[PDB]
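K.L.:
The structure that follows is given in the form of structure tokens.
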Amino acid sequence: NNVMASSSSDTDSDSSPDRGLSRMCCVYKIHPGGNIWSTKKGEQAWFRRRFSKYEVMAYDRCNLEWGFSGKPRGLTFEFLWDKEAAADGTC
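As structure tokens, this is what we get:
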């Protein structure tokens, strides 16, 4: 037919949703702009932008759910890393 290669799953999720002591959050890089933005998995975050805040909740497997916020299309969400929140519990 055609040379088909193996489409492996790069983004695989072997992660505990939250460990309490280690409240893991997803850290992304928002483009354009180059804004480092993180969202704590399991809770809702608000994407603070120039003239707007967008309600969005981060899932356990690291993926977002944008609410009625209706954030702009054409933005690039580059997943940087999975990290834990700060000592106060926020990321």
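2 is the number of the first residue of the sequence shown in the working numbering; add one for each residue after it.
Cβ coordinates follow ideal geometry from the N, Cα and C atoms, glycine included.
Between the alpha carbons of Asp-83 and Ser-39, how many angstroms are there, rounded?
P.N.:
Answer to the nearest angstrom: the Cα atoms are 9 Å apart.
K.L.:
Counting only the same chain and skipping the five closest in sequence on each side, list residues whose C-beta sits under 7 Å from that of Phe-78.
P.N.:
Within the same chain, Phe-78 has close Cβ partners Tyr-29, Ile-31.
K.L.:
Does the distance from the CB of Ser-14 to the CB of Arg-62 come in under 7 Å?
P.N.:
Contact: yes.
K.L.:
Here's the rule: buried if 16 or more other CB atoms are within 10 angstroms of the residue's CB, otherwise exposed. What is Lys-54?
P.N.:
Result: exposed.
K.L.:
Take the Cβ of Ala-88 as the centre, count every other Cβ of all protein chains shown within 10 Å, and call the residue buried at 16 or more, exposed below.
P.N.:
Answer is exposed; the Cβ neighbour count stays below 16.
K.L.:
Express the C-alpha separation of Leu-65 and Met-25 in angstroms, rounding to a whole number.
P.N.:
The straight-line gap from Cα to Cα measures roughly 14 Å.
K.L.:
I need the straight-line Cα distance from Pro-73 to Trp-67, nearest angstrom please.
P.N.:
C-alpha separation (whole angstroms): 11 Å.
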